[PDB]
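Take a look at the structure set out below.
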Amino acid sequence: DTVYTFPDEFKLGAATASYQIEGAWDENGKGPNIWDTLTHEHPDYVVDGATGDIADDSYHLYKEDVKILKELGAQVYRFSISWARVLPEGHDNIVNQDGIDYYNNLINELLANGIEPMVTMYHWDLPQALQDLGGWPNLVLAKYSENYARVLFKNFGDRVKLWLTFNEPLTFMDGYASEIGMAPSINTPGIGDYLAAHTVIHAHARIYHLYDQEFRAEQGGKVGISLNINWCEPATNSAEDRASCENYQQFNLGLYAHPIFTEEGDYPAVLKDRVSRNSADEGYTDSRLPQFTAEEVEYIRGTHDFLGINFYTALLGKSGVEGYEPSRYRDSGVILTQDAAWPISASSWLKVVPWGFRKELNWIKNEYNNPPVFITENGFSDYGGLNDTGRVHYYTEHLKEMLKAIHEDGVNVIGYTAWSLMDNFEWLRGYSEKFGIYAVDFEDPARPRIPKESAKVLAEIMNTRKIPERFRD
Ligand SMILES: O=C1O[C@H](CO)[C@@H](O)[C@H](O)[C@H]1O
Ligand SMILES: [Cl-]
Ligand SMILES: [Cl-]
Ligand code: NA
């Protein structure tokens with residue numbers, strides 16, 4: 001039963017994000033963010049015209065969140081801080097004491113209940129005042145991000161020892177690649193999304209160096225970043241299809257992880273080279289991919305204490321090129337599909353491919369020299385219901401695959417937080433797609449959280465520190 005047992009030091013818990021759960025979008029001095037803007041000005045972009053104005057009301061109900069975390073037996077709670085709740089103007093001239101108090105109250109409540117906080121600084125909710133300068137494509141945001149992090153480290157770092165600078169820049173960069181998509185819903189594919197990535201990488205590095213310079217000696221914590229990646233399985237066993245899947249890994253994970261997690265640093269060569277060639281062929285004087293100087297490469301590489309991974313699903317990849325010119329997908333040189341045989345979810349993009357998790361963990365181990373990996377998200381959507389057998393099966397299979405990666409393959413996985421503690425605002429899908437292990441009634445002003453079968457099974461896993469026999473192969 002070794003392969004079914006969690007290592008003694010391994011941390012298990014659950015995860016949320018600020019805009020998805022908090023509500024109180026304009027309460028007690030909080031400034032507006034790009035998701036306030038999207039859901040207020042462009043309800044046509046969101047299922048049901050939903051907003052995060054109330055969501056789970058975790059701004060008011062944070063003690064209820066801690067209660068269910070304690071019931072679950074979570075060792076760690078991953079949550080994010082709302083930038084505009086703390087710095088309503090984005091810049092650090094005004095610090096909102098209400099925001100400071102709120103996150104202190106949550107942190108203190110967690111610790112009093114024996115649950116460790118893990119804090120994501122940026123989970124997609126950029127202050128609108130910073131978007132008005134251009135947002136992530138504008139490199140000035142790297143210094144603004146440093147200043148925001150300083151406020152967080154100063155106020156919370158005495159009690160928070162696990163930090164993630166960013167969540168899924170691969171996803172939020174796409175807010176600069178569509179007029180109707182993720183906030184801020186700007187249509188600059190193949191140009192502005194790359195600029196956003198570049199700024200994020202710079203920002204991450206500044207934040208890490210800040211921690212080293214101003215806080216680490218005193219606080220003794222760890223700073224990472226949460227990167228999402230799908231497994232990409234070759235459609236056939238050919239060398240050509242394998243090449244396309246390597247392209248996928250480099251264009252999705254490597255975009256962020258090669259600069260930070262390798263000894264060499266910089267973007268992956270294939271990323272630089274394919275974008276350079278495509279840009280030339282299309283008549284640009286300059287490559288659409290921004291460049292790091294040698295000094296920047298050195299500054300950025302090594303800025304990590306662990307790697308956060310969000311893992312959900314897999315794709316098939318075959319040799320070829322498709323997508324619009326210009327775009328990151330077209331530049332990446334892979335044709336992506338899903339296998340019809342894979343079990344479905346309530347999300348078009350999410351198919352159940354648990355063995356892909358093990359493959360991805362091995363890819364990461366080999367590419368980045370077995371960094372400590374914390375699984376900061378993994379989970380499954382349905383449309384509702386407490387007898388969530390699909391979600392239970394999703395978790396038990398993915399945890400089994402992860403445990404094989406640890407025990408059989410030697411991957412240094414150090415923790416795992418399920419996405420999500422509770423049903424919440426699922427971005428452009430509104431409240432229509434449910435990812436929680438606790439259900440929430442969004443028509444009940446009290447927003448009660450009630451356990452699904454998956455919450456019960458995860459509690460059993462957390463308590464026993466093993467995969468129960470009935471879920472074993
Ligand atoms: O990777 C993610 O997947 C989740 C499910 O789509 C989403 O809700 C989180 O905010 C996001 O970080
Ligand atoms: Cl084949
Ligand atoms: Cl049994
Ligand atoms: Na302060």
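FYI, nothing fancy with the structure tokens labels: chains A, B, ... in order, residues from 1 per chain, ligands from 1 as they appear.
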Under the rule of at most 12 Å, produce a per-residue listing of segment 334-448 of chain A near segment 168-171 of chain A: chain, number, name, the closest pair of atoms, and the distance in Å, as a Markdown table, using only C-alpha atoms.
| residue | atom | partner | partner_atom | distance |
| --- | --- | --- | --- | --- |
| A:376 | CA | A:168 | CA | 10.5 |
| A:377 | CA | A:168 | CA | 10.4 |
| A:427 | CA | A:171 | CA | 11.7 |
Could you turn the residues from that selection into a file that holds N, CA, C and O atoms, as a PDB file, in the first residue's frame?
ATOM      1  N   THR A 376      -1.224  23.248  -7.063  1.00  0.00           N
ATOM      2  CA  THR A 376      -2.040  24.310  -6.493  1.00  0.00           C
ATOM      3  C   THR A 376      -3.497  24.289  -6.954  1.00  0.00           C
ATOM      4  O   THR A 376      -4.334  24.943  -6.323  1.00  0.00           O
ATOM      5  N   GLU A 377      -3.804  23.534  -8.017  1.00  0.00           N
ATOM      6  CA  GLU A 377      -5.182  23.278  -8.437  1.00  0.00           C
ATOM      7  C   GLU A 377      -5.266  21.951  -9.161  1.00  0.00           C
ATOM      8  O   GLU A 377      -4.407  21.612  -9.972  1.00  0.00           O
ATOM      9  N   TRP A 427     -15.664  32.580 -13.673  1.00  0.00           N
ATOM     10  CA  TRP A 427     -15.221  33.484 -14.728  1.00  0.00           C
ATOM     11  C   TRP A 427     -16.313  33.655 -15.797  1.00  0.00           C
ATOM     12  O   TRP A 427     -17.456  33.967 -15.452  1.00  0.00           O
TER      13      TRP A 427
END
Quiz prompt | Contacts with ligand 2 at most 12 Å, only C-alpha atoms and all ligand atoms counted, listed as a PyMOL selection string | solution = chain A and resi 233-242+318
Quiz item: Can you tell me, as an MDAnalysis selection string, what residues are no more than 9 Å from residue 175 of chain A when counting only C-alpha atoms, ignoring any on the same chain fewer than 6 positions away?
Solution: chainID A and resid 181:188 193
Can I get the selection written as an mmCIF file, in the first residue's frame, with N, CA, C and O atoms?
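Final output, result_3.cif:
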data_model
loop_
_atom_site.group_PDB
_atom_site.id
_atom_site.type_symbol
_atom_site.label_atom_id
_atom_site.label_comp_id
_atom_site.auth_asym_id
_atom_site.auth_seq_id
_atom_site.Cartn_x
_atom_site.Cartn_y
_atom_site.Cartn_z
ATOM 1 N N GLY A 181 -13.187 37.848 -24.468
ATOM 2 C CA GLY A 181 -12.749 36.827 -23.533
ATOM 3 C C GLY A 181 -12.452 37.346 -22.147
ATOM 4 O O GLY A 181 -13.061 38.307 -21.681
ATOM 5 N N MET A 182 -11.527 36.657 -21.490
ATOM 6 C CA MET A 182 -11.020 36.969 -20.149
ATOM 7 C C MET A 182 -10.740 38.459 -20.033
ATOM 8 O O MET A 182 -10.189 39.029 -20.989
ATOM 9 N N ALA A 183 -10.993 39.051 -18.870
ATOM 10 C CA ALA A 183 -10.659 40.451 -18.653
ATOM 11 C C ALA A 183 -9.160 40.666 -18.916
ATOM 12 O O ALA A 183 -8.342 39.837 -18.525
ATOM 13 N N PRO A 184 -8.789 41.791 -19.546
ATOM 14 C CA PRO A 184 -9.619 42.949 -19.893
ATOM 15 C C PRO A 184 -10.242 42.896 -21.285
ATOM 16 O O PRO A 184 -10.716 43.929 -21.774
ATOM 17 N N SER A 185 -10.250 41.719 -21.917
ATOM 18 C CA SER A 185 -11.001 41.509 -23.164
ATOM 19 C C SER A 185 -10.487 42.427 -24.278
ATOM 20 O O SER A 185 -11.268 43.111 -24.948
ATOM 21 N N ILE A 186 -9.168 42.381 -24.472
ATOM 22 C CA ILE A 186 -8.504 43.150 -25.509
ATOM 23 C C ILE A 186 -7.994 42.238 -26.607
ATOM 24 O O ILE A 186 -7.403 41.181 -26.346
ATOM 25 N N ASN A 187 -8.249 42.645 -27.850
ATOM 26 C CA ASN A 187 -7.945 41.816 -29.002
ATOM 27 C C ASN A 187 -6.571 42.115 -29.625
ATOM 28 O O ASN A 187 -6.491 42.715 -30.695
ATOM 29 N N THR A 188 -5.495 41.699 -28.953
ATOM 30 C CA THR A 188 -4.137 41.819 -29.482
ATOM 31 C C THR A 188 -3.417 40.462 -29.516
ATOM 32 O O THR A 188 -2.273 40.331 -29.057
ATOM 33 N N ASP A 193 -0.547 39.644 -25.817
ATOM 34 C CA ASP A 193 -0.402 38.540 -24.883
ATOM 35 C C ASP A 193 1.072 38.251 -24.608
ATOM 36 O O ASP A 193 1.432 38.053 -23.441
#
Quiz item: atom CA of residue 156 of chain A and atom CA of residue 222 of chain A are how many Å apart?
Solution: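 Separation of atom CA of residue 156 of chain A and atom CA of residue 222 of chain A: 13.4 Å.
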Quiz prompt | Nearby residues, ligand 3, 9 Å, only C-alpha atoms and all ligand atoms, as a list in words | solution =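 Using only C-alpha atoms and all ligand atoms, everything at most 9 Å from ligand 3 comes to residues 468, 469, 470 and 471 of chain A.
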Surrounding residues as a compact mmCIF listing (two decimals) with C-alpha atoms, in the first residue's frame, ligand 4, max 7 Å, only C-alpha atoms and all ligand atoms:
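selection.txt written:
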# COMPACT_ATOMS: atom_id res chain seq x y z
CA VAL A 95 -3.36 51.26 1.66
CA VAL A 151 2.68 45.64 1.22
CA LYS A 154 5.11 43.60 5.36
CA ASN A 155 1.56 43.05 6.61
